[PDB]
Amino acid sequence: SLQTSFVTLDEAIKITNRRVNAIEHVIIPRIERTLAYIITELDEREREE
Amino acid sequence: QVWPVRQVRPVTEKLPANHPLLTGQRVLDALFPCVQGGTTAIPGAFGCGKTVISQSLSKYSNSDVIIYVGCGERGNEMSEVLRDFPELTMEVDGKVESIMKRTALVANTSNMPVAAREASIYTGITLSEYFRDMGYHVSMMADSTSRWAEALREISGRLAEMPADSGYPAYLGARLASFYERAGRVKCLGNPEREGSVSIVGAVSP
Amino acid sequence: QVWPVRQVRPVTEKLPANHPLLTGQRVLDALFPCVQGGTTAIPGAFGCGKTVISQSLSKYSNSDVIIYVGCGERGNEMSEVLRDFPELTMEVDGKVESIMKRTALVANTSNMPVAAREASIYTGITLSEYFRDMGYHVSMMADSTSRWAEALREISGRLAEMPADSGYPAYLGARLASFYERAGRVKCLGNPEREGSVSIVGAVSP
């Protein structure tokens, strides 16, 4: 019982660790880069006005 | 004697820095030293601790004179240095002599005019220049540089300039570079051919 | 023949496209083709150097005459094309002749005067129009129209008009539309009943 639960736990832990790795190292950079772009465009428009 | 502010008194020559800046704290000295006559940047945050370096530099230091400037500060540091006149005394001769004799204070609140805040930072360099001409070694505490940047932004807004970047004017970086040009070890016009140095420690509040 | 540059040459009637414009690259021919007499745009940031794509278009093409014009590029582009075209040679119905005999150049580097560029583009379209009346197919590629836009911005700004969008004038759109409108496959006006055609390959610099 112990070792069967151990291997199932290993499967679960590797998949969830992979998921958190993916979301953290993928989703965020695009988000803050778009934040930089949007603030830059807003400031440019204001200076032109 | 009367000396205008927006320039540098000429010096005979600049020599390379060749002596460490002594610091009482062993950390920041044997790991990340600062050379005498150099330029340093320290961050500034509410409660992180800035007096820990200022007091140690004022008391325990190979420097000859201290000058503290700033804009938009409180009277609390002023009363602190008042109390440190007897307390943080250095016993070079085994006796209590006040750091007042070895230091000069200048501070401004936010009630003061914008140009006063703008020009106090230049004034610090002017005083340090006057004392480095004497053949001495100076240390500058250019507190609250971000407040100086805001004062310059306000001045430009008054004069109706274009917001080059983030509201700040165009020439901020050039002015900062000119400000930090005034440092290092030098030797000035005279008969005995003395030598001196000037170091800067600008606080930055991101 | 003395001919004003800003006035359209009269024609008989307009006609659709029927024949494909040859493209050397497998891509842009089997995927995004262009017609012999249409209009194309190639916006692309720096680094790519799409000028070489323009060179490939001029070098090989099923057209009859090729006219290259320059707007604020470097003389080195001229250097490649002038050095290379005399070397290159091809035949159609017998003897082989260098492709330099079937091409015309209008060089204009950025060091040249600013306002001259507008003129240069207009002379280019005029030359291609005259050869359109000849009863041929002429593919032109104009490089760096953004330089023309900047020059127009600059003449306006110096003349002190009120900028419309991004600092550029209020009439860039109509001017560009009219400049591109001089194109298409038409039927000439003559008893020998020629059939002319002209296409444009404008290059945009984001």
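**Remarks on the overall build of chain B**
Okay, so step 1: Of the regular secondary structure elements, chain B holds six helices and seven strands.
Okay, so step 2: For chain B, the α and β elements follow one another from N to C terminus as β-β-α-β-α-α-β-α-β-α-α-β-β.
Okay, so step 3: For 206 residues, the compact-globule estimate of 2.2 N^0.38 gives 17 Å, and chain B sits close to it at 18 Å.
Okay, so step 4: In terms of its C-alpha atoms, chain B occupies a principal-axis envelope of roughly 55 × 45 × 40 Å.
Okay, so step 5: Within chain B, the proportion of its 206 residues that are buried is 33%.
Okay, so step 6: Sequence-distant contacts in chain B: of pairs separated by 6 or more residues, those separated by 24 or more amount to 71%.

**A look at the side chain of B:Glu73**
Residues and elements named next belong to chain B.
Okay, so step 1: For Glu73, the position within the fold is in the loop between strand 3 (65–69) and helix 2 (76–87).
Okay, so step 2: There is no salt bridge for the buried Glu73, and the closest opposite charge comes from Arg74, which lies 6.7 Å off by N-O distance.
Okay, so step 3: Looking at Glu73, its side chain comes within polar contact range of the main-chain nitrogen of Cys71, at 2.7 Å.
Okay, so step 4: Leaving out residues up to four positions away in the same chain, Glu73 has contacts with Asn108, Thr109, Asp143 and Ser144.

**What about the nonpolar core?**
Okay, so step 1: One finds B:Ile67, B:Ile125, B:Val138, B:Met140, B:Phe179 and B:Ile200 to be the most contacted residues of the largest nonpolar core, which totals 13 residues.
Okay, so step 2: Looking at this core, the elements with two or more residues in it are strand 3, helix 4 (114–133), strand 5 (137–142) and strand 7 (196–204) of chain B.
Okay, so step 3: The residues contacting B:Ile125, other than those within four sequence positions of it, are B:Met140, B:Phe179, B:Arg182 and B:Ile200.
Okay, so step 4: Counting seven residues, the second-largest nonpolar core is a separate cluster that includes C:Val69, C:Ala142, C:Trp148 and C:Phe179.

**Considerations on the state of the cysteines**
All names here are of chain B.
Okay, so step 1: Tallied over the entire structure, the rule returns zero disulfides over all chains.
Okay, so step 2: The thiol of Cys48 is unpaired, and the distance to the nearest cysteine sulfur, on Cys34, comes to 19 Å.
Okay, so step 3: Owing to a relative accessible area of 69%, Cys48 belongs among the exposed residues under this scheme.

**What about the environment of C:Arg185?**
Residue and element names in this part refer to chain C.
Okay, so step 1: Structurally, the position occupied by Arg185 is in strand 8 (residues 184–187).
Okay, so step 2: Judged by relative accessible area, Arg185 falls into the buried class, the value being 12%.
Okay, so step 3: The sequence separation of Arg185 and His19 amounts to 166 residues, and the corresponding C-alpha distance is 10 Å.
Okay, so step 4: Not counting residues within four places of it along the chain, the set of residues in contact with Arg185 comprises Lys14, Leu15, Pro16, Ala17, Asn18, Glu195, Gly196 and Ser197.
Okay, so step 5: Of the polar contacts made by the side chain of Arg185, one reaches the backbone oxygen of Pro16; its length is 2.9 Å.

**Notes on the pairing of strand 6 (residues 184–187) of chain B**
All names here are of chain B.
Okay, so step 1: Burial along strand 6 is one-sided: the face carrying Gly184 and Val186 is buried and the face carrying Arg185 and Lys187 is not.
Okay, so step 2: The pairing of strand 1 (residues 13–15) with strand 6 spans three bridges and is antiparallel. In the strand pairing of strand 6, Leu15 is matched with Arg185.
Okay, so step 3: Strand direction decides the pairing type here: strand 6 and strand 7, joined by three bridges, are antiparallel. Bridge pairing in strand 7 places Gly184 opposite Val198.

**Some details on unusual backbone geometry**
Okay, so step 1: Even without being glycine, B:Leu28 reaches a positive phi, approximately 75°.
Okay, so step 2: Relative to the helices and strands, B:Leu28 resides in the loop between strand 1 and strand 2 (39–43).

**Looking at the pattern of salt bridges**
Residues and elements named next belong to chain C.
Okay, so step 1: If you walk through the whole model with that rule in mind, you get 12 salt bridges over all chains.
Okay, so step 2: Between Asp84 and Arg83 there is a salt bridge whose closest N-O contact spans 3.4 Å.
Okay, so step 3: When its relative accessible area of 62% is taken as the criterion, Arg83 is described as exposed.
Okay, so step 4: Residues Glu195 and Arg185 are paired through a salt bridge, measuring 2.8 Å at the closest nitrogen-oxygen approach. Here the residue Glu195 occupies a position in strand 9 (residues 195–202), and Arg185 occupies one in strand 8, the gap between them amounting to 10 residues.

**Focus: the environment of C:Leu159**
Residue and element names in this part refer to chain C.
Okay, so step 1: Tracing the backbone shows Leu159 in helix 4 (residues 145–159).
Okay, so step 2: On the accessibility criterion, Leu159 (60% relative accessible area) is exposed.
Okay, so step 3: It is 28 Å that separates the C-alpha atoms of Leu159 and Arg182, two residues lying 23 residues apart in sequence.

**Quick look at the UniProt feature "binding site: ATP" in chain B**
Okay, so step 1: Sequence positions flagged by UniProt for "binding site: ATP" are, in local numbering, B:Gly44, B:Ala45, B:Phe46, B:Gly47, B:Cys48, B:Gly49, B:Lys50 and B:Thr51.
Okay, so step 2: Mapped onto the secondary structure, B:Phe46 falls in the loop between strand 2 and helix 1 (51–59).

**Here we look at the packing of helix 1 (residues 51–59) of chain C against helix 2 (residues 75–87) of chain C**
All names here are of chain C.
Okay, so step 1: Running from N to C, helix 1 and helix 2 cross one another at 25°; their axes reach a closest spacing of 12 Å. With respect to each other, helix 1 and helix 2 are oriented roughly parallel. In this structure, the crossing between helix 1 and helix 2 has a hand that is right-handed. Here helix 1 contributes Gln55, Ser58 and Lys59 to the contact with helix 2, which in turn contributes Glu77, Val81, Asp84 and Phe85.
Okay, so step 2: Considering only residue class, the contact of helix 1 with helix 2 consists of two nonpolar, two polar and three charged.

**Quick word on helix 2 of chain B**
Residue pairs three or four apart in sequence face the same way in an α-helix, which turns once every 3.6 residues.
Residue and element names in this part refer to chain B.
Okay, so step 1: Between its first and last C-alpha atoms helix 2 spans 16 Å; for 12 residues at 1.5 Å apiece the expected length is 16 Å, and the two agree.
Okay, so step 2: Residues of helix 2 that are buried include every one of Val81, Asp84 and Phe85, and no others. All buried residues of helix 2 lie within an arc of 120° about the axis, which places them on one face of the element. Relative to its buried face, helix 2 has exposed residues pointing more than 90 degrees away, namely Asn76 and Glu87.
Okay, so step 3: Buried residues belonging to helix 2 abut helix 1, helix 3 (99–102) and strand 4 (103–105).

**Details of the packing of aromatic side chains**
Okay, so step 1: Across all of its chains, the model carries six aromatic pairs over all chains by this definition.
Okay, so step 2: Between C:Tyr122 and C:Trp148, the ring centres sit 6.2 Å apart and the planes meet at 65°, which makes this aromatic pair edge-to-face. Note that C:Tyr122 is positioned in helix 3 (residues 116–133) and C:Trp148 in helix 4, a separation of 26 residues in sequence.
Okay, so step 3: When its relative accessible area of 11% is taken as the criterion, C:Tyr122 is described as buried.
Okay, so step 4: A residue is classified by how much of its surface remains accessible, and C:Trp148, at 6% relative accessible area, is buried.
Okay, so step 5: Centroid distance C:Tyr130 to C:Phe131: 6.0 Å. Interplanar angle 40°. Geometry classified as tilted.
Okay, so step 6: What makes C:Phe131 partly exposed here is its relative accessible area of 28%.
Okay, so step 7: Linked through ring pairs, C:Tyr122, C:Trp148, C:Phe179 and C:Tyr180 together constitute an aromatic cluster.
Okay, so step 8: In this structure, B:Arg9 packs its charged tip against the face of B:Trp3, placed 4.6 Å from the ring centre.
Okay, so step 9: Here B:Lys59 stacks its cationic end above the ring of B:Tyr60, 5.5 Å away from the centre of that ring.

Criteria and thresholds
What you see is numbering from 1 along each chain in written sequence order, possibly unlike the entry, with residues lacking coordinates removed. To read the labels, note that chains go from A and ligands from 1, taken in the order they are written. Chains on display form part of a larger assembly; values are given for the displayed part and nothing beyond it. With hydrogens and water excluded, all non-hydrogen atoms of the structure serve as input to the side-chain values. In DSSP terms, a helix is any run of H or I states spanning at least four residues, a strand is any run of E spanning at least two, and both are numbered starting from the N terminus. Atoms counted for the radius of gyration: C-alpha only. Globule rule: 2.2 Å times residue count to the power 0.38. Relative accessibility under 20% of the residue-type maximum defines a buried residue, over 50% an exposed one, and the middle range a partly exposed one, all with a 1.4 Å probe and only protein chains included. Working rule for contacts: check all heavy atoms of both residues, and any pair within 4.5 Å makes them a contact. For the charge count, each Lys or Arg is scored as positive and each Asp or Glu as negative, with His and the chain ends excluded. A pairing counts as a salt bridge when a side-chain nitrogen of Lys or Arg comes within 4 Å of a carboxyl oxygen of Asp or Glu. Any N or O atom pair separated by 3.5 Å or less is treated as a polar contact, with the protein-specific requirement of one donor-capable and one acceptor-capable atom, and with residues adjacent in sequence counted only for side-chain atom pairs. Among buried residues, those of type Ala, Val, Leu, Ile, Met, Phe, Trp, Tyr and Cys that are joined through side-chain atoms within 4.5 Å constitute a nonpolar core. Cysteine sulfur atoms that come within 2.5 Å of each other are treated as a disulfide pair. Strands pair, by our definition, only if DSSP identifies at least two bridges between them. UniProt positions are given in the numbering used here, feature names are shortened, and annotations may be inferred rather than shown by experiment. Only the contacting stretch of a helix is used when fitting its axis, a line to C-alpha atoms as for every element, and angles between N-to-C directions run 0 to 180 degrees. Angle categories: roughly parallel below 35 degrees, roughly antiparallel above 145, roughly perpendicular from 65 to 115, and oblique for all the rest. Each helix crossing is assigned a hand: it is left-handed if the near helix lies turned anticlockwise from the far helix by less than a right angle, otherwise right-handed if that turn is clockwise. Each residue receives one of three labels: charged for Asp, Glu, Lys and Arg, nonpolar for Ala, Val, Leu, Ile, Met, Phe, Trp, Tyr, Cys and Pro, and polar for the others, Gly being one of them. The span you would expect from a helix comes to 1.5 Å times its residue count less one. It is the directions from the helix axis to the C-beta atoms whose arc is reported. Stacked, edge-to-face and tilted are the three classes for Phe, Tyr and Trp ring pairs, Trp counted by its six-membered ring, which pair at centre distances within 6.5 Å; planes under 30 degrees apart are stacked, over 60 edge-to-face, the rest tilted. Any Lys NZ or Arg CZ found within 6 Å of a ring centre and within 35 degrees of that ring's normal is scored as a charge over the ring.

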